[PDB]
Amino acid sequence: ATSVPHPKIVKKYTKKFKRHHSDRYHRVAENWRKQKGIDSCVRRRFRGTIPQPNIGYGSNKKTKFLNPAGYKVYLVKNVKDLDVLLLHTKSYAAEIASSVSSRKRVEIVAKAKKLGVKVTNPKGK
RNA sequence: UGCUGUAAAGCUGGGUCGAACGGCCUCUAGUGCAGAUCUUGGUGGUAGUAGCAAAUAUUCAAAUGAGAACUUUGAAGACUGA
Ligand SMILES: [Mg+2]
Ligand SMILES: [Mg+2]
Ligand SMILES: [Mg+2]
Ligand SMILES: [Mg+2]
Ligand SMILES: [Mg+2]
Ligand SMILES: [Mg+2]
Ligand SMILES: [Mg+2]
Ligand SMILES: [Mg+2]
Ligand SMILES: [Mg+2]
Ligand SMILES: [Mg+2]
Ligand SMILES: [Mg+2]
């Protein structure tokens, strides 16, 4: 890891918690919703039903918010936004906003390279 | 295209697009939908399916026309039957 050393990052659940019957119906979106029905097999946690979000799956507080490279990602919209990462170049990486123009994005990439800040999306436009 | 969050969700690559939009501290509310034989609009399967069967009945040729069972004319065969 090129970042500040950390314990091995553990993700207790790596899949996506998908709402019940978002596979059965198009009108039911995958965005997680807790079943509230009286008879629900999922709300009652029958064997074979889907896993549900709960606080037990919470991430280790020491590896939380770190991408696989070990950085915390901070959203940057202009070159002056990189100033808050001057003393955190080994623990925070910059991500250039999607609505930044191709010109200002070139300026942000050039200044980030000058400052040693890592950029999570260094290619797009 | 991926990343972050247990999650509600946030951010991001590519494509499309064409004029506005967001983060943060607060304020406010007509603020979150799968259901209500919900409302309005739209769209399926059914399905090229049910069917297009009352009132006797049409046929040959020529003309016209891109195209004629169905139009026009001629010839015939019929019917309504005062
Ligand atoms: Mg019960
Ligand atoms: Mg315009
Ligand atoms: Mg504002
Ligand atoms: Mg309302
Ligand atoms: Mg609905
Ligand atoms: Mg409901
Ligand atoms: Mg209905
Ligand atoms: Mg309707
Ligand atoms: Mg038929
Ligand atoms: Mg019939
Ligand atoms: Mg007679």
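Letters A, B, ... are given to chains in the order of the sequence lines, protein chains preceding strands, and every chain is numbered from 1. Values reported hereafter were calculated over all heavy atoms of this structure, with side chains retained and with hydrogens, waters and symmetry mates removed.
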Does a nitrogen or oxygen in the side chain of [X] sit under 4.0 Å from OP1 or OP2 of [N]?
X	N	answer
A:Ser59	B:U6	yes
A:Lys11	B:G5	yes
A:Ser98	B:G13	yes
A:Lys125	B:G13	no
A:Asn31	B:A7	no
A:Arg33	B:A9	yes

Least distance between heavy atoms, [X] atom then [Y] atom:
X	Y	answer
A:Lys90	A:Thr2	CE-O, 3.2 Å
A:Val100	A:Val76	CG2-O, 4.4 Å
A:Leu75	A:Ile96	CD1-C, 4.4 Å
A:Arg105	A:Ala97	NH1-O, 4.2 Å

Check whether more than 12 heavy atoms from other residues, nucleotides or ligands sit under 6.0 Å from atom NZ of A:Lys12, and answer yes or no.
yes
Same-atom distance ([atom1]) from [N] to [M], integer angstrom:
N	M	atom1	answer
B:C79	B:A55	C1'	11 Å
B:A54	B:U58	P	12 Å
B:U59	B:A69	P	11 Å
B:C27	B:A20	P	30 Å
B:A57	B:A61	P	22 Å
B:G81	B:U56	P	11 Å
B:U31	B:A8	P	23 Å
B:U26	B:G35	P	36 Å

Both distances below 3.5 Å, Watson-Crick or wobble geometry, any strand: find the nucleotide opposite [N].
N	answer
B:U43	none
B:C60	B:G74
B:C3	B:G10

Remember a base hit wins even if backbone is also touched, and classify [X] as base, sugar-phosphate or nothing at under 4.0 Å, heavy atoms.
X	result
A:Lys72	nothing
A:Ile55	base
A:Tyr25	base

Roughly how many Å is it from [atom1] in [X] to [atom2] in [N], rounded to a whole number?
X	N	atom1	atom2	value
A:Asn67	B:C3	CG	P	10 Å
A:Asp81	B:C24	CG	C1'	12 Å
A:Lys36	B:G32	NZ	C1'	12 Å
A:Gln35	B:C33	CD	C1'	13 Å
A:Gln52	B:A8	CD	P	13 Å
A:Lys77	B:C21	NZ	P	16 Å
A:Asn60	B:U6	CG	P	11 Å
A:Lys34	B:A34	NZ	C1'	18 Å

Kindly indicate whether the side chain of A:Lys123 and the base of B:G14 share any N or O donor-acceptor pair separated by less than 3.5 Å?
no
Does A:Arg19 make a side-chain donor-acceptor contact with the base of B:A34, cut-off 3.5 Å?
yes
Please classify the sugar of [N] as north or south using the torsion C1'-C2'-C3'-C4'.
N	answer
B:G30	south
B:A34	south
B:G18	south
B:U56	south
B:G42	north

Of the nucleotides [options], which one has an atom closest to the side chain of [X]?
X	options	result
A:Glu95	B:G13, B:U6, B:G2	B:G2
A:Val28	B:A34, B:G23, B:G2	B:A34
A:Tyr57	B:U6, B:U4, B:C11	B:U6
A:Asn121	B:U12, B:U6, B:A9	B:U12

Intrastrand stacking [N], [M], 5.5 Å centres and 30° planes:
N	M	value
B:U40	B:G41	yes
B:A75	B:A76	yes
B:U26	B:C27	yes
B:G30	B:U31	no
B:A47	B:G48	no

A:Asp83 bridged to A:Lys111 by N-O distance under 4.0 Å:
yes
According to the interplanar angle, ranging from 0 to 90°, do the rings of A:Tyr92 and A:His88 count as parallel (below 30°), tilted (30 to 60°) or perpendicular (above 60°)?
perpendicular
Nearest heavy atom decides the nucleotide; on that basis, is A:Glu30 or A:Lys16 closer to the 5' end of RNA chain B?
A:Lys16
Result for 5'-nearest mapping on RNA chain B, choosing between A:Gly124 and A:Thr63, is A:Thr63
Do A:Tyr71 and A:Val117 make a side-chain contact, defined as non-hydrogen atoms from C-beta onward lying under 4.5 Å apart?
no
Distance under 6.0 Å and angle within 45° of ring axis: A:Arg44 vs A:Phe46:
no
